Amino acid sequence: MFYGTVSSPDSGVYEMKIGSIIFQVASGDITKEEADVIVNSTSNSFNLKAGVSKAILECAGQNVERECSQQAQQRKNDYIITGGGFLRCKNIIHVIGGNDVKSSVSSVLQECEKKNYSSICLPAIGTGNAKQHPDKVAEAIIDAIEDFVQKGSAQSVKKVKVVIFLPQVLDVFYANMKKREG
Ligand SMILES: N#CCC(=O)NC1CCCCC1
Ligand SMILES: [Cl-]
Ligand SMILES: [Cl-]
């Protein structure tokens, strides 16, 4: 009902259409990416510096660290939105790695539509210190996008890219895309 064909538009990049959205996966350093939103997979205190979260907070800078700790004390948050600091983005959305991944990605998509944003870049949420299994994480990320498209919610969002630290985890995402393709 929604899925296009898997292909490689550039060396090390794999893509398929999901309704009006281009979904892409690649391995590399997410802190070098440019997008309207970059997602950080962190702890329930929004102050983890282990796995990909270490690089994201180091590169974003101390003003972003302070935004995180101020919001964390204000109320009980499932996720928080901060400035981009010294990353190449308009906002960082910090999600909890241990939470349900489909729910976290659904929230990111909704928040990006609220800001009229077009591009998102995320890591393999939950596969760091939270130790969720990579095939369950790939299934959840792609399911969230399918549901968002099915409900007619994609208007401003046009591109969702997963940049993945470990090549072995990229292989799991690519196999999940091939399972779904038209
Ligand atoms: N987000 C996310 C995924 C993440 O942090 N992954 C770790 C796995 C161990 C090596 C360093 C990167
Ligand atoms: Cl994690
Ligand atoms: Cl990752």
Side-chain angles (χ1 to χ4, degrees), residues 6 8 10-16 18 22-61 64-65 67-69 71-72 76-109 111-112 119-145 159-178:
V6 179
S8 179
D10 305 278
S11 189
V13 184
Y14 306 95
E15 80 166 30
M16 77 193 304
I18 308 173
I22 194 67
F23 179 70
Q24 299 188 327
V25 300
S27 65
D29 182 355
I30 195 168
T31 71
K32 312 304 197 188
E33 292 290 310
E34 180 183 333
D36 288 326
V37 158
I38 294 170
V39 177
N40 182 26
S41 182
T42 189
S43 60
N44 58 19
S45 38
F46 306 101
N47 63 1
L48 196 67
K49 293 172 173 171
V52 175
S53 67
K54 184 181 175 185
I56 288 179
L57 285 190
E58 273 167 4
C59 290
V64 166
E65 288 190 68
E67 272 200 80
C68 290
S69 69
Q71 288 192 52
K76 187 192 192 297
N77 298 282
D78 291 347
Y79 60 87
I80 63 169
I81 308 175
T82 69
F86 297 99
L87 294 176
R88 294 155 193 94
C89 67
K90 296 174 182 161
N91 291 106
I92 301 161
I93 304 182
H94 308 253
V95 302
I96 299 172
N99 275 16
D100 183 81
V101 173
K102 191 182 171 184
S103 295
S104 296
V105 176
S106 296
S107 295
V108 167
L109 291 164
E111 293 290 358
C112 285
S119 61
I120 306 171
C121 188
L122 60 148
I125 298 162
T127 65
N129 275 211
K131 290 181 78 200
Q132 299 202 51
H133 289 189
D135 197 36
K136 295 185 187 188
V137 165
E139 187 87 5
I141 291 168
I142 305 171
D143 287 353
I145 306 169
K159 179 175 169 177
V160 178
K161 182 183 186 176
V162 194
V163 170
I164 300 169
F165 186 78
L166 299 174
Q168 70 201 65
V169 173
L170 178 287
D171 298 348
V172 171
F173 278 72
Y174 184 85
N176 201 290
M177 295 166 69
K178 293 291 286 174

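Only this structure's heavy atoms are used, side chains among them; waters, hydrogens and symmetry mates stay out. Numbering of ligands and ligand atoms starts at 1, following listing order. If you read the sequence from its start, that first residue is 1, and numbering goes on from there.
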(request) Indicate the atoms forming the closest heavy-atom contact of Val163 with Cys121, along with that distance. (result) CG2-SG, 3.6 Å

(request) Distance to 0.1 Å, residue and atom name: give those for the protein heavy atom nearest to atom 2 (C) of ligand 1. (result) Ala124 O, 3.7 Å

(request) Look only at the side chain of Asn176 and the backbone of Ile142, and say whether a donor-acceptor pair between them is shorter than 3.5 Å. (result) no

(request) Would you name the heavy atoms of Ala60 and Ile92 that are closest together and state the gap between them? (result) CB-CD1, 3.9 Å

(message) Which heavy atom of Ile141 sits nearest to which heavy atom of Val101, and what is that distance?
(response) CG1-CG1, 3.7 Å

(request) Applying side chain to side chain contact (heavy atoms under 4.5 Å, CB included) between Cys59 and each of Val64, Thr31, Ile38, report the one that passes. (result) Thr31

(request) Show which atoms of ligand 1 fall inside a sub-4.0 Å distance from at least one heavy-atom site of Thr127. (result) 3 (C)

(request) Only heavy atoms count here, so choose which of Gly126, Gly128, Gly97, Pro134 is nearest to atom 7 (C) of ligand 1. (result) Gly128

(request) Please indicate, with yes or no, if any protein heavy atom is found under 4.0 Å from atom 9 (C) of ligand 1? (result) no

(message) Less than 4.0 angstrom from a charged side-chain N to a carboxylate O is my criterion; do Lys159 and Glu15 meet it?
(response) no

(message) Give the atom numbers and elements of ligand 1 that come within less than 4.0 Å of a heavy atom of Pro123.
(response) 1 (N)

(message) With respect to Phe165, determine whether any N or O atom, backbone or side chain, lies less than 3.5 Å from an N or O atom of ligand 1.
(response) no

(message) Checking a contact table here: which protein heavy atom is nearest atom 5 (O) of ligand 1, and how many Å away?
(response) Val52 N, 3.0 Å

